[PDB]
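Written out below as structure tokens is the structure these notes cover.
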Amino acid sequence: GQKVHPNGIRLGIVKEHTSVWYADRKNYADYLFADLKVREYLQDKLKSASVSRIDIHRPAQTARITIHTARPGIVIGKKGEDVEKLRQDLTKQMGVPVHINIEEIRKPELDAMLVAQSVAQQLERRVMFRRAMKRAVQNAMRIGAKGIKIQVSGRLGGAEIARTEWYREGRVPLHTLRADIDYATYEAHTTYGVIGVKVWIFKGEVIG
Amino acid sequence: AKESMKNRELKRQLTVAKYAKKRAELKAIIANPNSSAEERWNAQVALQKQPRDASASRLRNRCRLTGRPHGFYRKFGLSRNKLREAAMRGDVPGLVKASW
Amino acid sequence: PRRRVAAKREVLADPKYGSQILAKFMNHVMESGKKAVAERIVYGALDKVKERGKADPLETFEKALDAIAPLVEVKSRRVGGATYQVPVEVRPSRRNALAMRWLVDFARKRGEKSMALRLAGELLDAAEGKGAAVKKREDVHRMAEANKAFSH
RNA sequence: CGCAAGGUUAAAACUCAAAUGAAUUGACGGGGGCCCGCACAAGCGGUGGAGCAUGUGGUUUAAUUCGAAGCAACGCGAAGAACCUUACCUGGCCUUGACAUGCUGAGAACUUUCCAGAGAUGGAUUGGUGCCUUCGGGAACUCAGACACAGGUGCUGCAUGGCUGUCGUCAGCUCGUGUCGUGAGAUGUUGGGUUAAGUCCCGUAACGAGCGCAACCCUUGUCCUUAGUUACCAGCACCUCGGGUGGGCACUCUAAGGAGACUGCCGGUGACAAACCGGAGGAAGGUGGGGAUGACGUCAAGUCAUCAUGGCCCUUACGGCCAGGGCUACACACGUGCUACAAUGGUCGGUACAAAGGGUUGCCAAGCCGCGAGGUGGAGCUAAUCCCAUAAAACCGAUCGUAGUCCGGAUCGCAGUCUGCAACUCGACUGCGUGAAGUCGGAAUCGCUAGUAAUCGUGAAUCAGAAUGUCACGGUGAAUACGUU
RNA sequence: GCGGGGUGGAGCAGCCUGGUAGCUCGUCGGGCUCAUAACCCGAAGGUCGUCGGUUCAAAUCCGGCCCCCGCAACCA
RNA sequence: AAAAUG
Ligand SMILES: [Mg+2]
Ligand SMILES: [Mg+2]
Ligand SMILES: [Mg+2]
Ligand SMILES: [Mg+2]
Ligand SMILES: [Mg+2]
Ligand SMILES: [Mg+2]
Ligand SMILES: [Mg+2]
Ligand SMILES: [Mg+2]
Ligand SMILES: [Mg+2]
Ligand SMILES: [Mg+2]
Ligand SMILES: [Mg+2]
Ligand SMILES: [Mg+2]
Ligand SMILES: [Mg+2]
Ligand SMILES: [Mg+2]
Ligand SMILES: [Mg+2]
Ligand SMILES: [Mg+2]
Ligand SMILES: [Mg+2]
Ligand SMILES: [Mg+2]
Ligand SMILES: [Mg+2]
Ligand SMILES: [Mg+2]
Ligand SMILES: [Mg+2]
Ligand SMILES: [Mg+2]
Ligand SMILES: [Mg+2]
Ligand SMILES: [Mg+2]
Ligand SMILES: [Mg+2]
Ligand SMILES: [Mg+2]
Ligand SMILES: [Mg+2]
Ligand SMILES: [Mg+2]
Ligand SMILES: [Mg+2]
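Protein chains in written order, with the authors' numbering: chain c, 2 to 209; chain n, 2 to 101; chain g, 2 to 153.
Following this line, the structure appears as structure tokens:
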């Protein structure tokens, strides 16, 4: 059967929207389109930098962007002229003045998006999937991470029959809502096509 | 949802937006009863000679991301299905699945 | 069903006459959720019964009902090789509904002016048993008697 | 040997890579035992008969553009085909091109209100050369030329990702350690109960764990506090008798925070366990009602045409631009609905009560003008305030008297209204008139267990206009369940 | 020359008792089934070989014509 | 009660 999106069904209950602001019919579409374009542009440019979550906060006629990454020196380089050139680039996507905050995240191997991208980029270099998935599960489980499930689907190896593999550890209760399941998907474009990666990480029970 | 389709509908958008008042003037002339046939026929000819691809009826709004004609929600600028992706990712503000 | 857990909601909403059987006749005669139309039709038939028969229409309706209530009926059974019909006695509750259904069904197709005098004619006919409903009840009874070889 | 039927002794050529025994897991049986589900039974209302709407098959066409095909295709992708959409046909016109990057050269785009052509396109075309300069030039814009190219709704869903249907919201599906078997495997997960449930109890070579069930989430039903504007009006007053005003925090109402129901208490049963059958209190009693939530996997299920993507394919075209036509054709067949065949009704007059929602490239009131669809006009509203906008079925009074009819409305003729550049192919409504089939429908077949079926109305999306379709909201309001062959 | 008989595409009722055209197989269409076969249900298809006559009226009865049989009788 | 085939 088809599973509901774990992040979608938890919006409002325990998850939070990445783009938080207010608008009306005059510029709701404009603001939403600007946010999607700016997120696409940021990911496409600094794909090398390990970026996970981009938050958009729009007060009156301004935009405050906070970026979550594991390598802050890549963007804050030699007093961060990268920051200023980034601001100049962003100024045209939305006419309001831009404000950039770089946020550091502890334990990058407990983040679903970073883990998925790491697995995908290992797969792109013709590393067989079992070792990569096992080591990802090992690293995640070694520090907290009361559950993790990793799934990879596609033309594994080079055989001309696609299939699906997945490894789980701990407990990953998806039907419960008190849980905060971090979930991410990514793709790898090898010589035989696209191989998809999905990661679920269960951190704990939200009480209170 | 070809590249050419998006470009050539941007053409309609540009032409319609560029005049944007002469149509209103001519329709005000026509709709006004006390305008006389002398001032109505010249307005008819003006409307006829003006390019056809500058009308609201000639515009078909598509997705701003892919250009899918069908399945459009003008509350957003999105198609039927990219709305679902954006909502699940959490990019659309204030949107949650409803039961009631 | 398979549980036998279904309840039995009790409805007794006689407005002015304060009769229980009249209420179930209302529920039977009501069509498409039109309660007021059923009220007017049944009360017109009742008033016709009153203006015709010197006896009060309550007991006339009751004795018409008790003269159309059957005692046994024939029911098909799959024996596994033949088409058999066995007679079974009526449950005490079911006979009232059977009488109501038969009465309303036969009253619906008279062809005269309106169901007021239609139901009036049926009540008068079934008071002593000259109506078609009583005839069909007797036919059902004689089916059950002619199929008594099975009985059980 | 035998009377005969035939018995007994007993080969070969040729041909295949197997034939076979016992046991294991699954599947199946016109084998068996329990249990469940509108599966039957008990009832209500339909479809299949008529006309019309809509999709599909077939046929036709220059084209009727592709896809979907038992349930799990057929009011489906399409939550809107007159142009566009648009992918097809006819005809006309382009080759670095409608778009992006690299090279060189000339210059503002704008506005020039003109001509040839169905049009793309071409040609004259007043006016300003522009901004900042190391004042050399540069940016961006318009055009020209050359390649590297750009492009494709072109093929492959049996090369793929992502997304979805289905079994099925059924209660199942597995693992670690231990043990049994030479093994495939098996135990756990079997038994007796009980439950909606692999839910729970006790037993028990098993002891534990995970995904599932339940719970956490939304809505509705009771009550308390907070708060009274654009909402409300119990009490006082004013009153032009309209919450119209002063005013009030009473109530309703709005929306935030909270209590309540957990087998809690009593009686009976039960292995004095789980649990079962009634009762009190209680607004609600036995997961109160509804929704979201869809395990391991199956169907090489669907999608390359939303998107992405490995290949393969075209480069004067399988890429682009424009005008007309088609997707709305029609000897037939099928699916899904609407209106009916009338007296539990058709008209006429006055009269009563809802919920939900949309609105500043918008709603669009009053008066007035038109039989009408509609027209001038402009108030108020960025909306608990103004508009969309008067609910209908229901009740009463008059009439029709069962007649193809004061039923039914298709078809058709004439003249209109609205938007749109443009209603012929091919829109919706309006006025007058004609007025059809249709007498409740064979075999067969469908939905539904309580605010349910049936019936009556209202709103939103898509959208210049175009709903009998989709999604959503209320009014009135049933019958039936002996039971599991 | 004898006797019987002509009725939807094929075969038989309706004939005796004049007034009342049905049935089985075929064709077409639709049902049931995962699909076919078998089954089930509708529609079309004969104004009754021909003519006259009787009769108020003839598929039902009286002759002629044409044909079919059971016949005898034909054997290139 | 009927039930041939792929
Ligand atoms: Mg493309
Ligand atoms: Mg349009
Ligand atoms: Mg064997
Ligand atoms: Mg079996
Ligand atoms: Mg039944
Ligand atoms: Mg029909
Ligand atoms: Mg039909
Ligand atoms: Mg088609
Ligand atoms: Mg449907
Ligand atoms: Mg065209
Ligand atoms: Mg497939
Ligand atoms: Mg797929
Ligand atoms: Mg061993
Ligand atoms: Mg065994
Ligand atoms: Mg087993
Ligand atoms: Mg076993
Ligand atoms: Mg095992
Ligand atoms: Mg084991
Ligand atoms: Mg099992
Ligand atoms: Mg086992
Ligand atoms: Mg369990
Ligand atoms: Mg649950
Ligand atoms: Mg789902
Ligand atoms: Mg396939
Ligand atoms: Mg296909
Ligand atoms: Mg079509
Ligand atoms: Mg039920
Ligand atoms: Mg055979
Ligand atoms: Mg086979």
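We treat Cβ as the ideally placed atom computed from N, Cα and C, and that holds for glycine.
Which chain n residues sit within Cβ distance under 8 Å of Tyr-29 of chain c? Going along chain n in sequence order, the residues near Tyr-29 of chain c (Cβ under 8 Å) are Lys-76, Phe-77.
Does the count of Cβ pairs from the stretch 156-167 of chain c and the stretch 9-28 of chain n closer than 8 Å reach three? Counting Cβ pairs under 8 Å, fewer than three are found: no touch.
Along the chain, where does the beta strand (DSSP E) that runs through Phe-203 of chain c open and close? Bounds of the beta strand (DSSP E) holding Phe-203 of chain c are 194-206.
Hey, would you say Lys-199 of chain c sits closer than 9 Å to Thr-186 of chain c, going by beta carbons? The answer is yes: Cβ separation under 9 Å.
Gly-72 of chain n versus chain c: which residues are under 8 Å apart at the beta carbon? Simply none; closest approach about 16 Å.
Using a Cβ-Cβ cutoff of less than 7 Å, which residues in the same chain neighbour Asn-140 of chain c once the five nearest sequence positions on both sides are dropped? Excluding sequence neighbours, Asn-140 of chain c sits near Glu-110.
Flag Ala-25 of chain n as yes if its beta-carbon sits less than 9 Å from any beta-carbon of chain c, otherwise no. Interface with chain c (9 Å Cβ-Cβ cutoff): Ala-25 of chain n is excluded.
Applying a beta-carbon distance threshold of less than 8 Å, which residues of chain c neighbour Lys-98 of chain n? What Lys-98 of chain n touches in chain c: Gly-9, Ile-10, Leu-12.
Which residue marks the beginning of the alpha helix (DSSP H) containing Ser-5 of chain n, and which one marks its end? 4-20 is the extent of the alpha helix (DSSP H) around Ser-5 of chain n.
Length-filtered (3 minimum) beta strand (DSSP E) runs lying within the stretch 120-168 of chain c: If we require 3 residues or more, the beta strand (DSSP E) runs fully inside the stretch 120-168 of chain c come out as 148-155.
Using the Cα positions of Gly-171 of chain c and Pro-98 of chain c, report the straight-line distance between them to the nearest angstrom. Approximately 46 Å between the Cα atoms of the pair.
Are there 16 or more other CB atoms within 10 angstroms of the CB of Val-46 of chain n, so buried, or fewer, so exposed? Flag for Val-46 of chain n reads exposed.
Any C-beta of chain n sitting closer than 9 Å to the C-beta of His-176 of chain c? No, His-176 of chain c lies away from the interface with chain n (no Cβ there is under 9 Å from its Cβ).
Can you give the beta carbon distance from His-100 of chain c to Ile-66 of chain c, rounded, assuming they're within the 8 Å contact cut? Contact holds; Cβ gap of about 7 Å.
What residues in the stretch 38-49 of chain n have a beta carbon less than 7 Å from any beta carbon of chain c? Hits within the stretch: zero.
If you compare alpha carbons, which of g:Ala-8, g:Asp-57, g:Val-89, g:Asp-126 is closest to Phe-107 of chain g? Closest in alpha carbon position to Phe-107 of chain g, among g:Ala-8, g:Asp-57, g:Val-89, g:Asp-126, is g:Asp-126.
Measuring straight from C-alpha to C-alpha, what distance separates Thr-191 of chain c and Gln-62 of chain c? Taking the straight line joining both Cα atoms gives about 43 Å.
With DSSP as the reference, label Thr-70 of chain c as helix, strand or coil. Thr-70 of chain c: strand per DSSP, three-state reduction.
At a cut of 8 Å, does the stretch 90-100 of chain n reach the stretch 5-17 of chain c through at least three beta carbon pairs? The stretch 90-100 of chain n vs the stretch 5-17 of chain c: in contact.
Taking the beta strand (DSSP E) that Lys-76 of chain g belongs to, which residues open and close that run? Where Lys-76 of chain g is concerned, the enclosing beta strand (DSSP E) stretches over 73-79.
Looking at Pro-71 of chain g and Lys-149 of chain g, is the spacing between their C-beta atoms short of 9 Å? No, the pair does not count as a contact, with Cβ atoms beyond the cut-off.
Would the stretch 120-134 of chain g and the stretch 63-70 of chain g be scored as touching if the rule is three or more Cβ pairs under 8 Å? Yes, the stretch 120-134 of chain g is in contact with the stretch 63-70 of chain g.
Can you grab the Cα-Cα spacing for the pair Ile-14 of chain c / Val-173 of chain c, in whole Å? For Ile-14 of chain c and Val-173 of chain c, the distance between alpha carbons rounds to 18 Å.
How many whole angstroms separate the CB atoms of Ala-121 of chain c and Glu-188 of chain c, which I take to be in contact at a CB cut-off of 8 Å? Contact between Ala-121 of chain c and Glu-188 of chain c holds, since their C-beta atoms are separated by about 7 Å, short of 8 Å.
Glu-40 of chain n by DSSP, collapsed to three states: which one? Three-state result, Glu-40 of chain n: helix.
Distance, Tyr-85 of chain g Cα to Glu-74 of chain g Cα: Spanning the two alpha carbons is a distance of roughly 14 Å.
Looking at the unbroken beta strand (DSSP E) that takes in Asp-36 of chain c, where does it start and where does it end? Note, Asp-36 of chain c: premise wrong, no beta strand (DSSP E); alpha helix (DSSP H) at 29-46.
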